Amino acid sequence: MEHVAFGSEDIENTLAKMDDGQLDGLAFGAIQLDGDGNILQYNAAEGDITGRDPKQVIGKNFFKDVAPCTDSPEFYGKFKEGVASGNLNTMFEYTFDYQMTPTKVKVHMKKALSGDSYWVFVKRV
Ligand SMILES: *C(=O)/C=C/c1ccc(O)cc1
């Protein structure tokens with residue numbers, strides 16, 4: 001296991017070192033998005049939570065293609081305000097319910113240290 005706690009204040013520094021293999025060792029779901037919402041990284045714990053195959057969703061658009069239930073002011077609206085502003089750090093509960101059993105999660109969105117990229121972290125509640 002890679003030892004990093006969900007919601008850690010310096011999480012973006014810790015995950016800057018990780019390749020896709022190391023990201024699969026985390027205790028929670030992790031998705032890296034560009035500023036348009038396309039999926040750059042998607043780890044194994046996320047696929048365990050949602051059923052998606054991590055390899056297959058890389059390159060898809062999270063809000064348009066993969067996760068239409070997040071296309072709402074409560075989730076995508078917070079993302080696009082963070083991208084526009086160049087800062088984002090927010091944590092909230094949400095229900096994922098597209099083509100899956102409805103699953104309640106805690107979501108943390110945070111700007112990456114890397115240029116124009118954004119993390120979405122997820123854990124079951
Ligand atoms: C609602 O459509 C959510 C879908 C979803 C959330 C997170 C994922 O990793 C995959 C699909």
# chains A, B, ... in the order shown; residues from 1 in each chain; ligands from 1
$ select_by_dssp --residues "chain A" --states "helix (DSSP H, G or I)" --output "MDAnalysis selection string"
chainID A and resid 11:15 20:23 44:50 54:57 62:66 68:70 76:85
$ write_last_selection --atoms "N, CA and C atoms" --output "JSON list (two decimals), in the first residue's frame"
[["chain", "number", "residue", "atom", "x", "y", "z"],
["A", 11, "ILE", "N", -1.26, 16.75, 0.01],
["A", 11, "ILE", "CA", -1.48, 15.57, -0.84],
["A", 11, "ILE", "C", -0.91, 15.78, -2.25],
["A", 12, "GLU", "N", -1.02, 17.02, -2.77],
["A", 12, "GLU", "CA", -0.55, 17.25, -4.17],
["A", 12, "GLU", "C", 0.96, 17.12, -4.29],
["A", 13, "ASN", "N", 1.68, 17.43, -3.19],
["A", 13, "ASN", "CA", 3.17, 17.25, -3.20],
["A", 13, "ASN", "C", 3.49, 15.76, -3.15],
["A", 14, "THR", "N", 2.77, 15.00, -2.33],
["A", 14, "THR", "CA", 3.04, 13.59, -2.21],
["A", 14, "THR", "C", 2.77, 12.86, -3.51],
["A", 15, "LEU", "N", 1.67, 13.20, -4.21],
["A", 15, "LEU", "CA", 1.33, 12.45, -5.37],
["A", 15, "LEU", "C", 2.09, 12.90, -6.61],
["A", 20, "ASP", "N", 1.74, 5.87, -12.69],
["A", 20, "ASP", "CA", 0.45, 5.18, -12.59],
["A", 20, "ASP", "C", 0.50, 3.94, -11.68],
["A", 21, "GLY", "N", 1.59, 3.17, -11.69],
["A", 21, "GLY", "CA", 1.67, 2.03, -10.78],
["A", 21, "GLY", "C", 1.60, 2.35, -9.27],
["A", 22, "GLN", "N", 2.20, 3.47, -8.87],
["A", 22, "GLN", "CA", 2.23, 3.86, -7.49],
["A", 22, "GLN", "C", 0.84, 4.38, -7.11],
["A", 23, "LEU", "N", 0.20, 5.05, -8.07],
["A", 23, "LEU", "CA", -1.15, 5.59, -7.81],
["A", 23, "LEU", "C", -2.11, 4.38, -7.51],
["A", 44, "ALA", "N", -6.56, 2.12, -9.51],
["A", 44, "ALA", "CA", -7.29, 0.90, -9.33],
["A", 44, "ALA", "C", -8.39, 0.99, -8.30],
["A", 45, "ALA", "N", -8.16, 1.77, -7.21],
["A", 45, "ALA", "CA", -9.17, 1.88, -6.11],
["A", 45, "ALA", "C", -10.39, 2.58, -6.68],
["A", 46, "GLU", "N", -10.21, 3.52, -7.61],
["A", 46, "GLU", "CA", -11.38, 4.17, -8.20],
["A", 46, "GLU", "C", -12.20, 3.14, -8.97],
["A", 47, "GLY", "N", -11.49, 2.33, -9.77],
["A", 47, "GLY", "CA", -12.21, 1.29, -10.58],
["A", 47, "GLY", "C", -12.92, 0.31, -9.63],
["A", 48, "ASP", "N", -12.37, 0.01, -8.46],
["A", 48, "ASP", "CA", -13.07, -0.87, -7.51],
["A", 48, "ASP", "C", -14.37, -0.24, -7.05],
["A", 49, "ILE", "N", -14.36, 1.08, -6.83],
["A", 49, "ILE", "CA", -15.56, 1.77, -6.35],
["A", 49, "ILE", "C", -16.62, 1.84, -7.46],
["A", 50, "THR", "N", -16.24, 2.13, -8.71],
["A", 50, "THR", "CA", -17.24, 2.53, -9.70],
["A", 50, "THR", "C", -17.52, 1.50, -10.76],
["A", 54, "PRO", "N", -9.84, 1.02, -15.40],
["A", 54, "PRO", "CA", -8.97, 2.21, -15.43],
["A", 54, "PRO", "C", -8.31, 2.49, -16.81],
["A", 55, "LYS", "N", -7.80, 1.45, -17.47],
["A", 55, "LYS", "CA", -7.16, 1.66, -18.77],
["A", 55, "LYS", "C", -8.06, 2.27, -19.81],
["A", 56, "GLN", "N", -9.35, 1.87, -19.78],
["A", 56, "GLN", "CA", -10.26, 2.23, -20.81],
["A", 56, "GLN", "C", -10.81, 3.64, -20.73],
["A", 57, "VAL", "N", -10.73, 4.23, -19.52],
["A", 57, "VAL", "CA", -11.35, 5.58, -19.40],
["A", 57, "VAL", "C", -10.31, 6.66, -19.58],
["A", 62, "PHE", "N", -14.41, 13.31, -18.40],
["A", 62, "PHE", "CA", -15.11, 12.90, -17.19],
["A", 62, "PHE", "C", -16.52, 13.45, -17.16],
["A", 63, "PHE", "N", -16.73, 14.72, -17.51],
["A", 63, "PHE", "CA", -18.08, 15.30, -17.31],
["A", 63, "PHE", "C", -19.04, 15.00, -18.43],
["A", 64, "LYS", "N", -18.51, 14.79, -19.61],
["A", 64, "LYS", "CA", -19.35, 14.62, -20.78],
["A", 64, "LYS", "C", -19.64, 13.15, -20.98],
["A", 65, "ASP", "N", -18.61, 12.29, -20.88],
["A", 65, "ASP", "CA", -18.64, 10.85, -21.32],
["A", 65, "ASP", "C", -18.84, 9.85, -20.10],
["A", 66, "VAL", "N", -17.96, 9.96, -19.13],
["A", 66, "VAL", "CA", -17.82, 8.96, -18.12],
["A", 66, "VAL", "C", -18.85, 9.17, -17.00],
["A", 68, "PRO", "N", -21.80, 11.54, -16.24],
["A", 68, "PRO", "CA", -22.78, 12.62, -16.54],
["A", 68, "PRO", "C", -23.46, 13.06, -15.27],
["A", 69, "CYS", "N", -23.54, 12.17, -14.28],
["A", 69, "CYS", "CA", -24.23, 12.58, -13.00],
["A", 69, "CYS", "C", -23.50, 13.67, -12.25],
["A", 70, "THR", "N", -22.25, 13.94, -12.60],
["A", 70, "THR", "CA", -21.44, 14.98, -11.99],
["A", 70, "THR", "C", -21.55, 16.29, -12.76],
["A", 76, "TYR", "N", -19.35, 19.56, -11.35],
["A", 76, "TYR", "CA", -18.72, 20.26, -12.49],
["A", 76, "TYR", "C", -18.66, 21.78, -12.33],
["A", 77, "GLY", "N", -19.72, 22.37, -11.77],
["A", 77, "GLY", "CA", -19.67, 23.84, -11.61],
["A", 77, "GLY", "C", -18.51, 24.21, -10.67],
["A", 78, "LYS", "N", -18.25, 23.40, -9.61],
["A", 78, "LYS", "CA", -17.15, 23.75, -8.73],
["A", 78, "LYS", "C", -15.81, 23.55, -9.44],
["A", 79, "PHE", "N", -15.71, 22.50, -10.25],
["A", 79, "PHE", "CA", -14.50, 22.25, -11.05],
["A", 79, "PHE", "C", -14.21, 23.38, -11.99],
["A", 80, "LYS", "N", -15.18, 23.80, -12.77],
["A", 80, "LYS", "CA", -14.83, 24.78, -13.80],
["A", 80, "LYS", "C", -14.56, 26.14, -13.17],
["A", 81, "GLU", "N", -15.13, 26.43, -11.98],
["A", 81, "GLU", "CA", -14.78, 27.68, -11.28],
["A", 81, "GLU", "C", -13.33, 27.59, -10.79],
["A", 82, "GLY", "N", -12.89, 26.42, -10.32],
["A", 82, "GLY", "CA", -11.51, 26.23, -9.90],
["A", 82, "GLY", "C", -10.52, 26.33, -11.06],
["A", 83, "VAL", "N", -10.87, 25.78, -12.20],
["A", 83, "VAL", "CA", -9.95, 25.87, -13.37],
["A", 83, "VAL", "C", -9.83, 27.34, -13.81],
["A", 84, "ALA", "N", -10.94, 28.07, -13.76],
["A", 84, "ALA", "CA", -10.96, 29.45, -14.31],
["A", 84, "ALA", "C", -10.10, 30.32, -13.43],
["A", 85, "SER", "N", -10.18, 30.05, -12.13],
["A", 85, "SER", "CA", -9.54, 30.82, -11.06],
["A", 85, "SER", "C", -8.09, 30.49, -10.82]]
$ select_by_dssp --residues "stretch 30-122 of chain A" --states "strand (DSSP E)" --output "PyMOL selection string"
chain A and resi 30-34+39-42+89-96+103-111+117-122
$ residues_around --residues "residue A:27" --least-positions-apart "5" --cutoff "8 Å" --atoms "only C-alpha atoms" --output "PyMOL selection string"
chain A and resi 1-6+45
$ closest_residue --among "A:125, A:91, A:39, A:113" --to "ligand 1" --atoms "only C-alpha atoms and all ligand atoms"
A:39
$ closest_residue --among "A:122, A:74, A:8, A:87" --to "ligand 1" --atoms "only C-alpha atoms and all ligand atoms"
A:122
$ atom_distance --atom1 "atom CA of residue A:19" --atom2 "atom CA of residue A:67"
24.0 Å
$ atom_distance --atom1 "atom CA of residue A:107" --atom2 "atom CA of residue A:94"
7.0 Å
$ closest_residue --among "A:101, A:114, A:95, A:90" --to "ligand 1" --atoms "only C-alpha atoms and all ligand atoms"
A:95
$ atom_distance --atom1 "atom CA of residue A:108" --atom2 "atom CA of residue A:29"
10.1 Å
$ closest_residue --among "A:71, A:28, A:117, A:124" --to "residue A:102" --atoms "only C-alpha atoms"
A:124
$ decode --residues "stretch 18-121 of chain A" --atoms "C-alpha atoms" --output "PDB file, in the first residue's frame"
ATOM      1  CA  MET A  18       3.876   8.862  -8.366  1.00  0.00           C
ATOM      2  CA  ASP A  19       3.682   7.013 -11.711  1.00  0.00           C
ATOM      3  CA  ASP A  20       0.450   5.181 -12.595  1.00  0.00           C
ATOM      4  CA  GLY A  21       1.671   2.035 -10.775  1.00  0.00           C
ATOM      5  CA  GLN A  22       2.232   3.856  -7.487  1.00  0.00           C
ATOM      6  CA  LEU A  23      -1.147   5.587  -7.808  1.00  0.00           C
ATOM      7  CA  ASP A  24      -2.694   2.080  -7.828  1.00  0.00           C
ATOM      8  CA  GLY A  25      -1.313   1.519  -4.312  1.00  0.00           C
ATOM      9  CA  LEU A  26      -3.437   4.239  -2.758  1.00  0.00           C
ATOM     10  CA  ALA A  27      -6.195   3.560  -0.152  1.00  0.00           C
ATOM     11  CA  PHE A  28      -8.705   5.736  -2.080  1.00  0.00           C
ATOM     12  CA  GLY A  29      -9.806   6.553  -5.622  1.00  0.00           C
ATOM     13  CA  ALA A  30      -7.704   9.038  -7.531  1.00  0.00           C
ATOM     14  CA  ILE A  31      -8.389  10.619 -10.926  1.00  0.00           C
ATOM     15  CA  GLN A  32      -6.176  13.264 -12.606  1.00  0.00           C
ATOM     16  CA  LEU A  33      -8.014  15.644 -14.994  1.00  0.00           C
ATOM     17  CA  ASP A  34      -6.776  18.321 -17.358  1.00  0.00           C
ATOM     18  CA  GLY A  35      -8.457  21.736 -17.376  1.00  0.00           C
ATOM     19  CA  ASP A  36     -11.092  20.491 -19.845  1.00  0.00           C
ATOM     20  CA  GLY A  37     -12.023  17.495 -17.655  1.00  0.00           C
ATOM     21  CA  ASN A  38     -10.234  14.817 -19.745  1.00  0.00           C
ATOM     22  CA  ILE A  39      -8.944  11.881 -17.760  1.00  0.00           C
ATOM     23  CA  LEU A  40      -5.076  11.666 -17.525  1.00  0.00           C
ATOM     24  CA  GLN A  41      -4.744   9.083 -14.673  1.00  0.00           C
ATOM     25  CA  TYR A  42      -7.317   6.827 -13.017  1.00  0.00           C
ATOM     26  CA  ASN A  43      -6.305   4.401 -10.318  1.00  0.00           C
ATOM     27  CA  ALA A  44      -7.285   0.903  -9.330  1.00  0.00           C
ATOM     28  CA  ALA A  45      -9.169   1.884  -6.105  1.00  0.00           C
ATOM     29  CA  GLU A  46     -11.375   4.174  -8.200  1.00  0.00           C
ATOM     30  CA  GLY A  47     -12.205   1.294 -10.584  1.00  0.00           C
ATOM     31  CA  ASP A  48     -13.072  -0.871  -7.510  1.00  0.00           C
ATOM     32  CA  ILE A  49     -15.560   1.773  -6.347  1.00  0.00           C
ATOM     33  CA  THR A  50     -17.235   2.530  -9.703  1.00  0.00           C
ATOM     34  CA  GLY A  51     -16.754  -0.515 -11.895  1.00  0.00           C
ATOM     35  CA  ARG A  52     -14.919   1.305 -14.646  1.00  0.00           C
ATOM     36  CA  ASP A  53     -11.829  -0.272 -16.161  1.00  0.00           C
ATOM     37  CA  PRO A  54      -8.974   2.210 -15.430  1.00  0.00           C
ATOM     38  CA  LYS A  55      -7.160   1.658 -18.767  1.00  0.00           C
ATOM     39  CA  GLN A  56     -10.260   2.225 -20.810  1.00  0.00           C
ATOM     40  CA  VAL A  57     -11.351   5.575 -19.401  1.00  0.00           C
ATOM     41  CA  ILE A  58      -8.000   7.343 -19.826  1.00  0.00           C
ATOM     42  CA  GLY A  59      -8.528   9.989 -22.504  1.00  0.00           C
ATOM     43  CA  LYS A  60     -12.280  10.234 -22.056  1.00  0.00           C
ATOM     44  CA  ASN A  61     -13.964  13.334 -20.772  1.00  0.00           C
ATOM     45  CA  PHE A  62     -15.110  12.902 -17.187  1.00  0.00           C
ATOM     46  CA  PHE A  63     -18.077  15.300 -17.314  1.00  0.00           C
ATOM     47  CA  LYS A  64     -19.353  14.620 -20.785  1.00  0.00           C
ATOM     48  CA  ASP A  65     -18.643  10.853 -21.316  1.00  0.00           C
ATOM     49  CA  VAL A  66     -17.823   8.956 -18.123  1.00  0.00           C
ATOM     50  CA  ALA A  67     -19.719  10.698 -15.288  1.00  0.00           C
ATOM     51  CA  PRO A  68     -22.775  12.622 -16.538  1.00  0.00           C
ATOM     52  CA  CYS A  69     -24.226  12.580 -13.003  1.00  0.00           C
ATOM     53  CA  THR A  70     -21.442  14.983 -11.987  1.00  0.00           C
ATOM     54  CA  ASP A  71     -22.494  17.458 -14.720  1.00  0.00           C
ATOM     55  CA  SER A  72     -24.222  19.784 -12.277  1.00  0.00           C
ATOM     56  CA  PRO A  73     -23.463  22.994 -10.536  1.00  0.00           C
ATOM     57  CA  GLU A  74     -22.608  20.977  -7.377  1.00  0.00           C
ATOM     58  CA  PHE A  75     -19.685  19.105  -8.903  1.00  0.00           C
ATOM     59  CA  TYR A  76     -18.717  20.263 -12.486  1.00  0.00           C
ATOM     60  CA  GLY A  77     -19.667  23.844 -11.607  1.00  0.00           C
ATOM     61  CA  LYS A  78     -17.147  23.749  -8.728  1.00  0.00           C
ATOM     62  CA  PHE A  79     -14.504  22.247 -11.045  1.00  0.00           C
ATOM     63  CA  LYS A  80     -14.828  24.776 -13.796  1.00  0.00           C
ATOM     64  CA  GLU A  81     -14.778  27.683 -11.283  1.00  0.00           C
ATOM     65  CA  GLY A  82     -11.509  26.226  -9.895  1.00  0.00           C
ATOM     66  CA  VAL A  83      -9.951  25.873 -13.365  1.00  0.00           C
ATOM     67  CA  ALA A  84     -10.959  29.452 -14.309  1.00  0.00           C
ATOM     68  CA  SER A  85      -9.543  30.822 -11.063  1.00  0.00           C
ATOM     69  CA  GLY A  86      -6.351  28.779 -10.984  1.00  0.00           C
ATOM     70  CA  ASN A  87      -7.115  27.452  -7.455  1.00  0.00           C
ATOM     71  CA  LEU A  88      -9.324  24.651  -6.190  1.00  0.00           C
ATOM     72  CA  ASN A  89      -9.642  22.811  -2.904  1.00  0.00           C
ATOM     73  CA  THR A  90     -13.050  21.511  -1.950  1.00  0.00           C
ATOM     74  CA  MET A  91     -14.482  18.428  -0.241  1.00  0.00           C
ATOM     75  CA  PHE A  92     -18.129  17.306  -0.365  1.00  0.00           C
ATOM     76  CA  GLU A  93     -20.337  14.259  -0.386  1.00  0.00           C
ATOM     77  CA  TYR A  94     -21.982  13.080  -3.575  1.00  0.00           C
ATOM     78  CA  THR A  95     -23.897  10.133  -4.978  1.00  0.00           C
ATOM     79  CA  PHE A  96     -22.598   8.315  -8.098  1.00  0.00           C
ATOM     80  CA  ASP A  97     -25.506   6.644  -9.890  1.00  0.00           C
ATOM     81  CA  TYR A  98     -24.854   6.293 -13.587  1.00  0.00           C
ATOM     82  CA  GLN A  99     -25.141   2.716 -14.827  1.00  0.00           C
ATOM     83  CA  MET A 100     -24.147   1.489 -11.376  1.00  0.00           C
ATOM     84  CA  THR A 101     -25.659   0.842  -7.968  1.00  0.00           C
ATOM     85  CA  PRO A 102     -26.078   4.281  -6.339  1.00  0.00           C
ATOM     86  CA  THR A 103     -22.965   4.755  -4.255  1.00  0.00           C
ATOM     87  CA  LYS A 104     -22.446   7.583  -1.719  1.00  0.00           C
ATOM     88  CA  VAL A 105     -18.878   8.946  -1.680  1.00  0.00           C
ATOM     89  CA  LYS A 106     -16.742  11.722  -0.252  1.00  0.00           C
ATOM     90  CA  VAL A 107     -15.035  13.678  -3.028  1.00  0.00           C
ATOM     91  CA  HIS A 108     -12.000  15.939  -2.646  1.00  0.00           C
ATOM     92  CA  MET A 109     -11.030  18.105  -5.699  1.00  0.00           C
ATOM     93  CA  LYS A 110      -7.647  19.852  -5.549  1.00  0.00           C
ATOM     94  CA  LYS A 111      -5.375  21.557  -8.065  1.00  0.00           C
ATOM     95  CA  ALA A 112      -2.258  19.564  -8.807  1.00  0.00           C
ATOM     96  CA  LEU A 113       1.265  20.951  -8.459  1.00  0.00           C
ATOM     97  CA  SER A 114       1.712  20.105 -12.214  1.00  0.00           C
ATOM     98  CA  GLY A 115       0.763  22.743 -14.758  1.00  0.00           C
ATOM     99  CA  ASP A 116      -2.933  22.561 -15.829  1.00  0.00           C
ATOM    100  CA  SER A 117      -4.073  19.509 -13.940  1.00  0.00           C
ATOM    101  CA  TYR A 118      -6.543  18.729 -11.200  1.00  0.00           C
ATOM    102  CA  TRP A 119      -7.093  15.819  -8.859  1.00  0.00           C
ATOM    103  CA  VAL A 120     -10.351  14.174  -7.883  1.00  0.00           C
ATOM    104  CA  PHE A 121     -10.070  11.865  -4.853  1.00  0.00           C
TER     105      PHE A 121
END
